[PDB]
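J.: need a structure here:
(one chain, ligands or ions: 1)
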Amino acid sequence: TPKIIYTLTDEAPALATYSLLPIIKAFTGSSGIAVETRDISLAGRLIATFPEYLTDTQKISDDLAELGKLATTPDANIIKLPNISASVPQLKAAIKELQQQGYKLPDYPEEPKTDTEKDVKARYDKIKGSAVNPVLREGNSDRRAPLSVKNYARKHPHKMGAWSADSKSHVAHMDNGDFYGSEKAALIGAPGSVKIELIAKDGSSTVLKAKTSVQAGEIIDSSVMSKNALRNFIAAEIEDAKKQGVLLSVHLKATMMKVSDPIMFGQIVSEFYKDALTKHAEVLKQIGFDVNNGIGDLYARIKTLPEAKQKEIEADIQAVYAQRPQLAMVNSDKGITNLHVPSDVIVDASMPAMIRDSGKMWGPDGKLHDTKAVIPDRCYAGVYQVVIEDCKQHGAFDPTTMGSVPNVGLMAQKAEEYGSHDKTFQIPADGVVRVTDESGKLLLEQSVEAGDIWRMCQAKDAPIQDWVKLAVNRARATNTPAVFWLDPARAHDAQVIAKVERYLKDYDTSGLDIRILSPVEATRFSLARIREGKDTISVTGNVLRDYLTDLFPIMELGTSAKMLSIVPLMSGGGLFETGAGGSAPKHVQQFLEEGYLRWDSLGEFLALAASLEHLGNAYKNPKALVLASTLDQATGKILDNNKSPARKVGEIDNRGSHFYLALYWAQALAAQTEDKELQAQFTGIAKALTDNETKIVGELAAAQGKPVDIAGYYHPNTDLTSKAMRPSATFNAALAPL
Ligand SMILES: NC(=O)c1ccc[n+]([C@@H]2O[C@H](COP(=O)([O-])OP(=O)(O)OC[C@H]3O[C@@H](n4cnc5c(N)ncnc54)[C@H](OP(=O)(O)O)[C@@H]3O)[C@@H](O)[C@H]2O)c1
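T.: Numbers count the residues shown, from 1 in each chain. Coordinates below:
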């Protein structure tokens, strides 16, 4: 029974699992290994939150909560696939009814006016945003493209947009009054708790959070995005973006940042469609429009207004799209813009792609154009500017020659930003915010203004240490230079720098090129070594940890999904993430139309080949070490014979690869002698998958082209899905009888 948790999630990954999971299930079966599932998807996660509204047969164990515990225990061994960080819009909203609709009976959202609505909104809120990962991630990240993959990438280059030195593209960020510029850190001394309180000009005081425990050596910082400063910023960047003749695009993270970014998002959606939303201030107010949900929310709330009233609004909305620069578009043909849904454009992915595509993003028409990427803050806006100003001055990197920038990132215990939500408040009135402790000593204090966004972030000592170690560790094992991206300007990074400088003096530094630089300098020192073809380990915080693992990997491997991501749980556990990517919404869009799934499952093949080992090593299991030693191999054969997903209908799909994995794996096993047993109870298969390869492949491709219907999206009809994902009836019957 030794457990290995394969998590069930949301979109592409989700579908992929109906195909790869059974396979995985047949190989680990005869080696006394238990591969169980846990439903952490968006839908399941909700269906599990309101047991009271559901009936006996529609309930479903609360797995997030279970995994949450499993993560702190030593025998943890979890294979974690990407999952949706729901955004109030169609995300939280649409799946809620994807349920009720024809299914169950949960309940509704937004502006609560009744004790029932408040109790409910309060519970759903905990469900939207980044709820899974912060929990599971009880250790520090270590992402890195495995040689083979880098080597595959080098000989099978993914297209790269040509770069022009006279490009218009660039990144736009505020210059004053923002989180970056507002920072203020403090080093917690004694184990206690702090109170976050507002002191209004009117002498009164409002509590925002009374008790927030702080450990010794913990680092806490507070900053604030100024509403009117942001307002004055976005207003200028639009205006100017019109002169430049460029597309306006917003790169925020209104997904993980469940609290502040949707707010910044709306102020944008506000200062843009202002004339139209000002002309209809009340009509929207009635139907209850929520700008923080994108202009998209407007379009969906008005369908209830008189047929002619609608036309008026829409007709006026168009008048704005004529008075203002064209917005980059999420989907050019359906009109869906960058300002339609909070989570269509998420900075960590939006940018890498936008850089790749010659620094352009699809416009209203349907072609690519230079863009003005708006990254409001300054903490990580820089890093993208450098990379952007590098391309137009040296050309696109060559997948065939460029190096690699791994990333030993700090995240353990909801490190930094990743856990500031419950400490981010929208200021209720002009005043001053003060963070005090148990005695009453004033730790932090930052002036504020109504509408402003104030937050407090905390980085814990234990995590910073486990961090610094792993950093060195990698530095050694590869023997590559390794930089800490820590900006002295930031009162936070500053105190974290003290930590690092003092902890390296606890390990062996001899013969290692370890050094600390600003994300700005660091991106330069990196992009330098990179183009000439040299590697450079990236040791960074939690936010950069993502940005980069998504950035660099994309440039060199085409996909972040295409790499290794291991999370060494700080309690002998093992969090084995699939890829540095997320679900692939568009990947489902194609499947439900053409019957093609271009989702690459190499992330998982690595993840499996990763946990199968952790298993065998931490236990008395040789068999584990063998089916993982082989899996490692069959993977190789995947990259060597190009049995990875094509792009358009016709060649290979997903179970096509899943098939080769299955094929090459069976053979790899039935051709070894480390364990005669496996070799024997895998030959029956090995010589069946080769014989029916030509046919199976055919049976599979024999399902491409036509449309697919799975009765849903967030909570599909499992039956219909299995049959769509497991077409080849011959591959199936050649699996059950192992
Ligand atoms: N759990 C996590 O760690 C995690 C991380 C990030 C995002 N997410 C969530 O995932 C969703 C997607 O966010 P997003 O808009 O930034 O899109 P995304 O899917 O993360 O963007 C990466 C893009 O690269 C390609 N790609 C990603 N994985 C691939 C794979 N396995 N094989 C082949 N190509 C792959 C796809 O584009 P092509 O059309 O070019 O193939 C995809 O649109 C969001 O709801 C987000 O909240 C979860």
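J.: Show me which residues of stretch 230-239 are buried.
T.: Buried positions in stretch 230-239, judged by neighbour count with 16 or more other CB atoms under 10 Å: 230, 233, 234, 237, 238. From N, CA and C alone the C-beta is placed, and that goes for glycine too.
J.: Hmm, I typed the wrong one, I wanted stretch 682-699.
T.: Of all the residues in stretch 682-699, those buried under the rule 16+ other CB under 10 Å are 682, 685, 686, 688, 689, 692, 696, 697, 699.
J.: Equivalent analysis for stretch 174-183, please.
T.: Result for stretch 174-183 [16+ other CB under 10 Å]: buried residues 174, 177, 178, 179, 180, 181, 182, 183.
J.: Extract the C-alpha trace of stretch 365-378 and format it as PDB.
T.: Listed next in PDB are the C-alpha coordinates belonging to stretch 365-378 (Å, rounded to 0.1, in the frame of the first residue of the first chain):
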ATOM      1  CA  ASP A 365      -7.700  42.600 -36.100                       C
ATOM      2  CA  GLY A 366      -6.100  39.200 -35.700                       C
ATOM      3  CA  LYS A 367      -2.400  39.800 -36.100                       C
ATOM      4  CA  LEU A 368       0.500  40.400 -33.800                       C
ATOM      5  CA  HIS A 369       1.600  43.900 -32.800                       C
ATOM      6  CA  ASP A 370       4.200  45.700 -30.500                       C
ATOM      7  CA  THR A 371       2.900  46.100 -27.000                       C
ATOM      8  CA  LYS A 372       3.200  48.300 -23.900                       C
ATOM      9  CA  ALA A 373       3.200  45.600 -21.200                       C
ATOM     10  CA  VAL A 374       1.900  47.300 -18.000                       C
ATOM     11  CA  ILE A 375       3.500  45.900 -14.900                       C
ATOM     12  CA  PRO A 376       2.300  48.600 -12.300                       C
ATOM     13  CA  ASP A 377       4.700  47.700  -9.500                       C
ATOM     14  CA  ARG A 378       8.500  47.800  -9.700                       C
END
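J.: anything in it near the ligand?
T.: No: for stretch 365-378, no contact with the ligand is found by CB under 6 Å from any ligand atom; the gap never falls below 13.7 Å.
J.: Would you indicate which residues of that stretch are buried?
T.: For stretch 365-378, burial by neighbour count (16+ other CB under 10 Å) applies to 368, 369, 370, 371, 372, 373, 374, 375, 376, 377, 378.
J.: Going by distance to the ligand, which of the residues you listed wins?
T.: When the buried residues of stretch 365-378 are compared for distance to the ligand (CB to the nearest ligand atom), residue 368 comes out closest, at 13.7 Å.
J.: which residues does the closest residue to the closest one other than its chain neighbours contact?
T.: Closest residue in space to residue 368, ignoring its immediate chain neighbours: residue 360 at 3.7 Å, by CB to CB, 6 or more residues apart in numbering. The contact partners of residue 360, taken as CB atoms under 8 Å, 6 or more residues apart in numbering, are 161, 169, 247, 354, 368, 369, 370, 371.
J.: how many neighbours does the third one have?
T.: What that stands for is residue 247. Neighbourhood size, residue 247 [other CB atoms under 10 Å]: 25.
J.: I figured it hits residue 337, correct?
T.: No: at 10.3 Å, residue 247 does not count as touching residue 337 under the criterion of CB atoms under 8 Å.
J.: Are there residues contacting both of these two? Which ones?
T.: With contacts taken as CB under 8 Å, 6+ apart, residue 247 and residue 337 have 327, 328 as neighbours in common.
J.: what's the helix or strand for the residue of the stretch 451-600 of the chain found nearest the ligand?
T.: With CB to the nearest ligand atom, the shortest gap between the stretch 451-600 of the chain and the ligand falls at residue 582, namely 2.1 Å. When elements are assigned from DSSP states H and E, residue 582 belongs to no helix and no strand.
J.: returning to that earlier point: tell me which of the buried residues of stretch 174-183 is nearest to the ligand?
T.: Closest approach to the ligand among the buried residues of stretch 174-183 (CB to the nearest ligand atom): residue 179, at 21.2 Å.
J.: Near the nearest residue to the closest one once chain neighbours are set aside, how many other residues are there?
T.: Counting by CB to CB, 6+ apart, residue 179 lies nearest to residue 223, which is 4.3 Å off, once chain neighbours are set aside. By the other CB under 10 Å criterion, the neighbourhood of residue 223 contains 25 residues.
J.: just checking, residue 223 touches residue 452?
T.: No: here residue 223 lies out of contact with residue 452, judged by CB under 8 Å, at a distance of 10.5 Å.
J.: interface residues of the protein facing the ligand?
T.: 82-85, 133, 255, 343, 346, 349, 559, 561, 579, 581-586, 598-600, 603.
J.: Report the secondary structure state of the residue in the stretch 201-350 of the chain positioned nearest to the ligand.
T.: Of all residues in the stretch 201-350 of the chain, the one sitting closest to the ligand is residue 349 (3.2 Å; CB to the nearest ligand atom). When states are read from DSSP: H, G, I helix; E, B strand; the rest coil, the local structure at residue 349 comes out as helix.
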